[PDB]
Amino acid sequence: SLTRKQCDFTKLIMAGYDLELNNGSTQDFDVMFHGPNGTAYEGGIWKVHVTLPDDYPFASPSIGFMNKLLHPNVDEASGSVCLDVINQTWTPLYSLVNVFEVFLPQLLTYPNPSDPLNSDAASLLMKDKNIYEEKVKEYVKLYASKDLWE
């Protein structure tokens, strides 16, 4: 009887993810995400707000960083990840676990300063990748430390 809307979040639990449903909805949850190793995001922890739309899996999930994440393709104020860049990777056959295991670490390692949601980050990255990554590292210390969510 079981949809992907209903059950996909269980694959994250099976993968070892710490997650919490919002108001007992299987289509609305917050998941703990660790910054990829060997990137400027290393040692960061974020809470990530996932919602699954009613035409999921044909429509892609929305993803929103709940503590500050600095990235050209992430809206700085809301933490919302650009829908277009999600859709370049999402297909109806793509795995919800791979959003966290593959898509996001990739994206954070290799940003797209083309049509940025954060143009200041895009500019800084274009001008000097090292200076940019020194910023990210401090942002990570400040806004994504271990203890933040407990």
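Counting begins at 1, following the sequence as shown.
Averaged over their C-alpha atoms, the temperature factors of 108-116 and 54-62 are higher for 108-116.
In this PDB entry, the Cα temperature factor of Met126 sits in the top third of its chain's modelled residues, the highest group. Sort the chain's modelled residues by C-alpha temperature factor and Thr39 lands in the middle third, per the entry. Ranked against the other modelled residues of its chain, the C-alpha B-factor of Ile86 as given in the entry falls in the highest third.
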